[PDB]
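Analysis of the macromolecular model
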Amino acid sequence: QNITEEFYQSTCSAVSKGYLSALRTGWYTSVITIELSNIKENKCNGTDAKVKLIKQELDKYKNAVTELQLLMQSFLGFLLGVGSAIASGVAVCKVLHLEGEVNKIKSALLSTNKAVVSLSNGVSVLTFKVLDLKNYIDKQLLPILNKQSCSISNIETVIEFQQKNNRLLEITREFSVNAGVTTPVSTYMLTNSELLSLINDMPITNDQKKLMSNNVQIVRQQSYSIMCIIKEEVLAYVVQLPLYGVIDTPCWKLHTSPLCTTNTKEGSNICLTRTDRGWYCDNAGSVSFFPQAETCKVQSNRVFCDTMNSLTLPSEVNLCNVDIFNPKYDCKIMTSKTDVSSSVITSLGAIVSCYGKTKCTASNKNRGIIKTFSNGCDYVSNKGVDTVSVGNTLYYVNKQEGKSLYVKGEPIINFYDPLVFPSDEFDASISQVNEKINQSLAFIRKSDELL
Amino acid sequence: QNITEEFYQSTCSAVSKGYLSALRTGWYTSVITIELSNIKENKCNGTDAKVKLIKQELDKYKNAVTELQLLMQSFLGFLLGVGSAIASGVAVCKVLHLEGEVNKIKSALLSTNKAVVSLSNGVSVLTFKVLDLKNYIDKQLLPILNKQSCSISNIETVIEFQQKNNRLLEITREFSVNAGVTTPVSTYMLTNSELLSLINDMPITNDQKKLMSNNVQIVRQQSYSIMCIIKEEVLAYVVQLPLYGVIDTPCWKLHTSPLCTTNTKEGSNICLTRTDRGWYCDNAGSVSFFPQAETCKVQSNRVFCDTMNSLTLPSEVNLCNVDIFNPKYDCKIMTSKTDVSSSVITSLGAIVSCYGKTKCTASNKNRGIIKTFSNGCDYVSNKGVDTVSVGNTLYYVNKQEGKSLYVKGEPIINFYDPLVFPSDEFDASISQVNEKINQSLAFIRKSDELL
Amino acid sequence: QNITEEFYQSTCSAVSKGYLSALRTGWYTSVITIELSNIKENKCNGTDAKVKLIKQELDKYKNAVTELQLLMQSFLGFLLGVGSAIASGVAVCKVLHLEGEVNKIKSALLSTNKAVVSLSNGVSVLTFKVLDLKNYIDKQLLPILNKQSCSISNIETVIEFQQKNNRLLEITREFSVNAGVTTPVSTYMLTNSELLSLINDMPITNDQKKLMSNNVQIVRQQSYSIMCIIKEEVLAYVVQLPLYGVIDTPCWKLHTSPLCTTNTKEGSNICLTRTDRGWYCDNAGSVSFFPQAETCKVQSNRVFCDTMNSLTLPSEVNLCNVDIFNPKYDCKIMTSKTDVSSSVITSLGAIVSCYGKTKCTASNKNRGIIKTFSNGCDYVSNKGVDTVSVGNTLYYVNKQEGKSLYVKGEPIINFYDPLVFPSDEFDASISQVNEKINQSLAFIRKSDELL
Ligand SMILES: *[C@@H]1O[C@H](CO)[C@@H](O)[C@H](O)[C@H]1NC(C)=O
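- The record lists cryo-EM as the method behind this PDB entry and 3.4 Å as its resolution.

1. Describing the interface of chain C and chain A
- Taken residue by residue, the interface counts 50 residues in chain C and 52 residues in chain A.
- Between chain C and chain A, a total of about 4400 Å² is buried, with carbon and sulfur atoms accounting for 54% of that surface.
- When the buried surface of chain C facing chain A is broken down by residue, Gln217, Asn392 and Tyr396 of chain C rank first, second and third, together holding 15% of it.
- In this structure, the connection of chain C to chain A is made through 1 salt bridge.
- Here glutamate 160 of chain C makes a salt bridge to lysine 52 of chain A, at a shortest N to O gap of 2.5 Å.

2. With respect to the state of the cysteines
Residue and element names in this part refer to chain A.
- Applying the stated criterion across every chain, the model contains 24 disulfides over all chains.
- Bridging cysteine 12 to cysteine 377, the disulfide has an S-S length of 2.0 Å. Here the S-S torsion is close to 100°, and the disulfide linking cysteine 12 with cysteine 377 is therefore right-handed. For the pair shown, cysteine 12 and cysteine 377 are each scored as buried.

3. Some remarks on the pairing of strand β22 (residues 361-364) of chain B
Residue and element names in this part refer to chain B.
- Here β22 runs beside strand β23 (residues 368-372); their pairing, made up of 4 bridges, is antiparallel. Pairing of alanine 362 across the sheet is with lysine 371, part of β23.
- Hairpin remark: β22 followed by β23, antiparallel, with 3 residues in the connecting loop.
- Pairing of β22 with strand β25 (residues 387-390), which is carried by 3 bridges, proceeds in the antiparallel orientation. Directly across from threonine 361, in β25, lies its bridge partner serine 389.

4. Observations regarding helix α5 (residues 156-175) of chain A
All names here are of chain A.
- For α5, with 20 residues, the first-to-last C-alpha span of 29 Å sits near the 28 Å given by 1.5 Å per residue.
- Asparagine 165 marks where α5 bends most, by close to 35°.
- Burial of α5 is extensive: 15 of the 20 residues sit out of reach of the surface.

5. Some thoughts on the relation of the copies chain A and chain B
- For the pair chain A and chain B, the superposition axis carries a translation of 0.0 Å, the fit reaches an RMSD of 0.3 Å, and the rotation angle comes to 120°. In the structure described here, the two chain copies are related by an operation that fits a three-fold rotation axis.
- Looking at the interface residues of chain A, only 2% of them are also at the interface in chain B, so each copy uses its own face.

6. What to know about the sheet that holds strand β14 (residues 278-282) of chain A
Residues and elements named next belong to chain A.
- Read across the sheet, 7 strands follow the order β18-β15-β14-β11-β2-β1-β27 without closing on themselves; strand pairing throughout is mixed. The open sheet is flanked by β18 (311-313) and β27 (404-407), the only strands paired with a single partner. Each adjacent strand pair in this sheet contributes to an overall mean axis angle of 25°, direction not counted.
- Here 4 bridges tie strand β2 (residues 13-16) to strand β11 (residues 252-256), and the two strands are oriented antiparallel to one another.

Cut-offs used in this document
- Residues numbered from 1 in each chain as written, not as in the entry; some residues may be left out.
- Chains lettered and ligands numbered in written order.
- Part of a larger assembly, values for the part shown.
- Heavy atoms only, no water.
- Contact = heavy atoms within 4.5 Å.
- Buried area = accessible area lost by both parts, 1.4 Å probe.
- Salt bridge = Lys/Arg side-chain N within 4 Å of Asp/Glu carboxyl O.
- Disulfide = S-S within 2.5 Å.
- Buried < 20%, exposed > 50% of the residue type's maximum accessible area, 1.4 Å probe, protein only.
- Pairing = 2+ DSSP bridges.
- Helix = DSSP H or I, 4+ residues; strand = E, 2+ residues; numbered from the N terminus.
- Expected span 1.5 Å × (residues − 1).
- Bend = angle between axes of the 7 residues up to and from the residue.
- Least-squares fit on C-alpha atoms.
- Axes fitted to C-alpha atoms, helices over the stretch in contact; angles between N-to-C directions.

The structure is reproduced here in structure tokens:
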């Protein structure tokens, strides 16, 4: 009673109605800090191998921070309108680039390593100091790295320093590996426990707090982080997390398959597909449409998506799933004249657009070919099948738990007749196709009528 | 006598006929295991720095496994029909999520670290236990990590534990860095020698055994691996490898370039291109067509490609490489009215579609401009040339060993005449354009005839 | 006086005029070397933990080199014409694959670890030997890893070996993680100081030397490196860096937004957009056009971009930013009949194509909705606004420092009248649309006139 599927043979499409929405309708900034060291150049007249190892670790840190210094930033689906993803994080970083704020933040983070602070620009942020380099470089090496008496026989010193250093070393590596702008953000930028604390300490609802505290595995792919500053003794870098202002809304996915007439002639065929495959999630009384499935992700029953690849479509667009011909909303489709075979993957099955003469088949691992189709839009579930072959592609079927419904109906392609139809339409719709057909009929008849 | 190239001026295209097919026409699952530990909380009243390091390593492992726990997962080229890549691996994982299977798998992997086992779902799988955390956490730290007598003076304990831990630490990092779903799979998911053993021990032919045992460098980009379970004492995760049911078939690549008329007028130009650039590999008596070159990969004379971006086209489509006008198969093309310069790069040459008036040139590193072209498709080889400039782009030419053939012929664009042609066609073909020309001529003449 | 923005309401577009060009109009090869070891199999009858650790490190290296061995390298925007990116690097690698050159390269790098050498093929290349495995495997282990007297009590030996090994271990890892072909190249392929030295040493101008010495953060995304050889005692791999033959030219970005009529009817609407969003950079008296923004990158007021996704367009195309109707250059546009809302992001603002009836709004973080638009092309700046919502998407606006100009003008859509316009045009232009409209008018009138 949570997820299921229904496939309409009326226009040859599948609907997976079980997933629960997770829309990042808000952003959230958090400036993390790591207390650096303006180390004075090391100096030991006389080389012990442990001393050389300590020197090499310090020099590796120095190359890390030199790198960081130099990197301180010194088919429908084509009308969405792109957006500046990194605007908020780099805007906060810019707010930091004003001279005074860094001392304020450092003072606010002197005692603890987590605090809510108000920047110069008014919007409150939450900041961390996860790794402290000043302590373990000042009061653990300098008192024991004296000029001449470089007695560092304790080997484990270098091991502790390396374990407390590799985190920031990978931070600088990722700064230099992703143009200072990376997604996902690795744990060396924010430890998972630190992430849980951040989610628990930020201003969102308790249900959303639990929701985003236990759902890390997708957030990183919906998160971002650019460098802010090394201004004074500290490495400060912003993180951009989501804020689910829309939750607990039942939203679904739409998969598409061509309809065609099935004349024995391989050529002169007429084919129609629904060009609206993607995601529909309900937020504010109208659906949110993601055209390209590369902007949405799946987690069991929670689908996590970013709305910046979304439009808001009227709720009447849902009626395009029952009657594509209704005039309430002009459903979007694409027409073409090429006859070839293929199949598409729904949540619990696959739609075989078996066109031409390819030997399409549905089978299970241990049974083999159990069903053979015949030249047309057909659908098969996942229940007893996990291998559908068309031509030479052998697709698997996701074996999630659900109930499959198959609505019979005469394909609309039957209504469309050849010899008049236009053989080129991708951004077309029902209304546009009908208008063009009426225009062609009027021209043909008036040309004949005038006789 | 292995690879060569031939360029047809009839449609301004190039054909690279040397590569040998490697088609993933089958999938193969393998559930890897690593024997975990539900370590009892460590305890030492009195802190020694080595004990501190041991505790930090144990806590790093504990954060790794906390992450693992929390991440539990339950132009032509637009009609292919996408496919579920992760269906088989997550389906096997789901089979594992049944309570009883993990105990059987563990029992079958108690003695060795490689065995073929039959899951509950029927399809036999092969599993390893590459890394064993239970041993080095049970009988080599606990007996030496007693409550009070935490005598761990031996430093190399931590070194050995870290070297046996970093593998699974990277496993969990990658699980949290790729939504538990990554491609390629890093070696910490399957060591290189373990992978050779896996290939040698699984059910494929001896020739294919040698074949894909020595073809590692590409498989990882055709491999996949999602996390299955942490159920009982073990970390188990699936790996999805290809099964080359089609091999030793000589397959080729198609590169495309626009034909146009060469009127002195920059505007009012008419241009046609072959819109079928991509890969053709022969499997079962008909060719397999990959439209977008981002689904096929190259290594010497053997090309490894994924079939889910493949259609099966009639063998007569090969005839589109000799006579685009042949009525056996309607060759696919695109027509447009924009006149600009460009060039394309085949396996052994470069096609300069020098249009407009850009100064196109063919040159070598130590010579410079050696050939200057003039307003149309010209083609140049790789032999003495490795720098072709058009406008301000300066392309290199792949220097593989081959023999170049250049078929002369009058471009079809000459047959097409202006003043009637439609200036918008991307999914068009020879038959479609001919039918549209029929319609335009009939309308123009009947309009004049009725006078 | 460095960057600003101007938005034309005539065609509903934004121009960001401040960025400075960085065009990779040349390539540069550099073969890096690391002096390997053909280690004789280790042998110690009697197991000490230090000895086992040394053996495990040696075996990890041996698996690294086994991996290396087996991976021996045996909308407008669709007409650009792709190019062989890895041609130069693998061509140099091939030049190395001739038997003798590796000895010359090794000898030329016997004393220092940086030198210019002339390959067999004539084009000079500069090579380093950054990491030396022969020394620390020959004259630091063999004299102290004798058959029986394996007295390696010194623990730090393994630490030094591991720190000098991890670089090449990750080099082989990246060879096997990116099909031997990766971008960006990690620091373990070229230390950042080594990169600065390389830039200071390679043949480019002094201004260009400083220019590419201080700009590492972006270069790696324009760099490439394939495996060349393991021929004799050395691991040699090429690196492919840009050569800015065009610099100090002021170049800009173009952002697009639909124009439409504003009838109360949601259907039967007519819409036009400028289909030329992308990058324009001046190189040789004519502009360079990058259609898809995924081939260009940004840093401060300086844009670093790759030219293989660039065409050379006449300077008159700049006039399409003032008079789209000018006949000098036929400006490229797209027309469609679908009425939906959206917005696009320029360098200092956002263009709201608020169409249909969506509640679009412009707001600041601490102020909220400050501006409400009304059913049409409108534009808003970055100054007092950083939150533009359309429907349910909530975009941020980049807060860079600039001056915003808003040219008023009657949208060209007003001139276009309904009932005759074609509802399908993506690769269309002003001239093509006018020709089609004139054809339709002539047909309608002659049909009526003949009466
Ligand atoms: C176009 O030519 C005639 C038009 O009179 C038409 O009958 C024919 O089918 C078309 N194709 C040809 C002639 O190849």
